[PDB]
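Along the sequence shown, the residues carry numbers beginning at 1. Because only heavy atoms are used, hydrogens play no part in the values below, and waters and symmetry mates are left out as well, while side chains stay in.
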Amino acid sequence: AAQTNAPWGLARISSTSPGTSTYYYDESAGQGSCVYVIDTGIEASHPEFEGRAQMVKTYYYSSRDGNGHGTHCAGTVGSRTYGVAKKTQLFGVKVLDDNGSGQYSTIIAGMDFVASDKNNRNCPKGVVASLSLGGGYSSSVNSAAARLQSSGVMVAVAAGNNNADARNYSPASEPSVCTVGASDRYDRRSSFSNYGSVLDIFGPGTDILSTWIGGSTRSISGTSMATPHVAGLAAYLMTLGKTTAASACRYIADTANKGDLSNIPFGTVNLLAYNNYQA
Ligand SMILES: [Ca+2]
């Protein structure tokens with residue numbers, strides 16, 4: 001399949017080179033996989049989701065995304081126009097309030113919720129979780145992310161936006177998950193992206209067009225935007241049978257575009273997520 005005039009980040013993850021605008025992907029498009037978006041919620045009624053999105057848990061008085069961030073992330077995972085895995089099922093877990101913040105205890109509870117809830121969902125090709133959140137180092141937050149990954153979910157987490165070593169942030173610093181840095185359309189490390197030996201992969205994170213609340217769209221930037229590109233890529237690859245939840249991060253790193261990013265500090269991977277699709 002070919003989607004012309006796609007958002008630059010979609011075009012980038014199916015290209016060996018920057019500067020193109022068509023997204024190429026196998027038409028299976030993540031069908032039969034599931035992605036949990038653990039964030040501010042998802043505006044499921046948005047047509048871009050085509051009935052494939054649903055809120056499954058909230059820790060607040062409503063399950064509505066009153067912020068937009070979770071809707072944007074979900075859109076990069078799996079919206080029809082802005083998504084990597086255009087046929088995946090999307091499940092929203094609202095651990096962040098409408099101001100975009102959440103207590104670590106609530107975030108931990110939402111991770112444990114996903115580890116159990118996947119047993120209530122039909123995801124024959126596999127389960128992914130996209131965590132575009134984080135704060136300072138917490139061993140409890142890291143151990144919750146580790147449990148989620150151990151349960152058989154491919155966990156993708158944002159590296160953080162501190163232009164610092166991700167070793168000091170959670171869940172970014174949990175070794176066993178897939179920690180995602182951000183790049184821009186000219187293949188630079190995004191100025192704000194964290195770095196360090198705990199990163200597994202980079203994805204597009206600067207000026208990312210996706211869905212927003214009120215049935216709208218907008219471009220925004222962050223490692224929060226890079227993470228759902230990798231989560232959607234994992235779902236896509238698991239539907240194609242190329243990898244499994246336990247192996248997807250390594251598979252993505254093995255098949256990534258290698259050595260092509262600028263402003264990568266010594267000791268940080270220079271790997272950019274790539275779907276290797278050959279039509
Ligand atoms: Ca890792």
Cluster link [X] to [Y], ILVMFWY, side chain under 4.5 Å:
| X | Y | answer |
| --- | --- | --- |
| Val198 | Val177 | no |
| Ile220 | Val84 | no |
| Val35 | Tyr82 | no |
| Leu209 | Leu10 | no |
| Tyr25 | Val128 | yes |

[Y] and [X], any side-chain heavy atoms less than 4.5 Å apart:
| X | Y | result |
| --- | --- | --- |
| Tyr195 | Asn263 | no |
| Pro7 | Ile208 | no |
| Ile13 | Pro204 | yes |
| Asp65 | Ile42 | no |
| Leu261 | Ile264 | yes |
| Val155 | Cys249 | no |
| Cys73 | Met225 | yes |
| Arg12 | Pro18 | yes |

Is the backbone N or O of [Y] less than 3.5 Å from a side-chain atom of [X], with the two atoms forming a donor-acceptor pair by type?
| X | Y | value |
| --- | --- | --- |
| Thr179 | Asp200 | no |
| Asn194 | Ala164 | yes |
| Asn270 | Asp260 | yes |
| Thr239 | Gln31 | yes |
| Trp8 | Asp184 | no |
| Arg52 | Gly78 | yes |
| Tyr59 | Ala109 | yes |
| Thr58 | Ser62 | yes |

message: Set out, in order, the CA-CA distance, both residues' side-chain angles and the distance that settles side-chain contact (heavy atoms from CB on, under 4.5 Å) for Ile108 and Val141, then state yes or no.
response: CA-CA 6 Å; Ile108 288 165; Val141 172; 4.0 Å; yes

- prompt: Can you say whether the rings of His72 and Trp212 are parallel (under 30°), tilted (30 to 60°) or perpendicular (over 60°)?
  reply: perpendicular

What distance do [X] atom [atom1] and [Y] atom [atom2] have between them, rounded to the nearest 0.5 Å?
| X | Y | atom1 | atom2 | result |
| --- | --- | --- | --- | --- |
| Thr81 | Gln3 | OG1 | CD | 6.5 Å |
| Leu90 | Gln54 | CG | CD | 7.5 Å |
| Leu148 | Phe113 | CG | CZ | 11.5 Å |
| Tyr137 | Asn168 | OH | CG | 9.5 Å |
| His69 | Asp98 | NE2 | CG | 13.0 Å |
| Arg80 | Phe49 | CZ | CZ | 10.5 Å |

Minimum heavy-atom distance [X]-[Y], with the two atoms named:
| X | Y | result |
| --- | --- | --- |
| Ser28 | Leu240 | OG-CD2, 3.4 Å |
| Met154 | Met238 | CB-SD, 4.4 Å |
| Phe192 | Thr223 | CE1-N, 3.6 Å |
| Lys86 | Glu50 | O-OE1, 4.1 Å |
| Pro228 | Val77 | CB-CG2, 3.5 Å |
| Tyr277 | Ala1 | OH-N, 3.5 Å |

- prompt: What do you reckon, is CG of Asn119 surrounded by more than 12 foreign heavy atoms closer than 6.0 Å?
  reply: yes

field: Over 12 foreign heavy atoms within 6.0 Å of NZ, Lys118
entry: yes

message: Does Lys94 qualify as a cation-pi partner of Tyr60, given the criterion of NZ or CZ under 6.0 Å from the six-membered ring centre and within 45 degrees of its axis?
response: yes

query: Taking the six-membered ring of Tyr251, is the NZ or CZ of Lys242 close enough (under 6.0 Å from the centre) and on axis enough (within 45°)?
result: no

field: side-chain hydrogen bond (donor to acceptor under 3.5 Å, both in side chains) between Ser33 and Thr88, intermediate numbers included
entry: CA-CA 5 Å; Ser33 71; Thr88 195; 2.8 Å; yes

query: Are the aromatic ring centres of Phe91 and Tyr36 under 6.0 angstrom apart?
result: yes

task: State whether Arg147 and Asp112 are salt-bridged, where the test is any N-O pair (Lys NZ or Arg NE/NH1/NH2 against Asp/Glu carboxylate O) under 4.0 Å.
output: yes

- prompt: So, are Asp254 and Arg250 salt-bridged, with charged N and O less than 4.0 Å apart?
  reply: no

message: side-chain hydrogen bond (donor to acceptor under 3.5 Å, both in side chains), that's the test. Do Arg189 and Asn163 meet it? Break it down for me.
response: CA-CA 10 Å; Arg189 173 170 63 92; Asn163 186 32; 2.9 Å; yes

query: Is there any salt bridge (charged side-chain N to carboxylate O under 4.0 Å, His left out) pair reaching into residues 213-228, and which pairs are they, with sequence neighbours excluded?
result: none

- request: Take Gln149 and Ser151 through the side-chain hydrogen bond (donor to acceptor under 3.5 Å, both in side chains) test and state the conclusion after the steps.
  value: CA-CA 5 Å; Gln149 177 71 53; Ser151 81; over 6 Å; no

field: side-chain contact (heavy atoms from CB on, under 4.5 Å) partner of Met111, the single match among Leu131, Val95, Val153
entry: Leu131

Residue pair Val180, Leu199: steps toward the side-chain contact (heavy atoms from CB on, under 4.5 Å) verdict: CA-CA 6 Å; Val180 184; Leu199 269 63; over 6 Å; no

message: Assess the residue pair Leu271 and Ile201 against the criterion (side-chain contact (heavy atoms from CB on, under 4.5 Å)); give the C-alpha distance rounded to whole Å, side-chain angles, the decisive distance to 0.1 Å, and a yes or no.
response: CA-CA 5 Å; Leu271 299 172; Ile201 191 68; 3.8 Å; yes

Pairing donors with acceptors under 3.5 angstrom, does anything connect the side chains of [X] and [Y]?
| X | Y | answer |
| --- | --- | --- |
| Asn142 | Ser170 | yes |
| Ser130 | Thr227 | no |
| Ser45 | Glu43 | no |

message: Working note: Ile213 + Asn67, criterion side-chain contact (heavy atoms from CB on, under 4.5 Å); need CA distance, chi angles, decisive distance, verdict.
response: CA-CA 7 Å; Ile213 55 167; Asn67 180 280; 5.9 Å; no

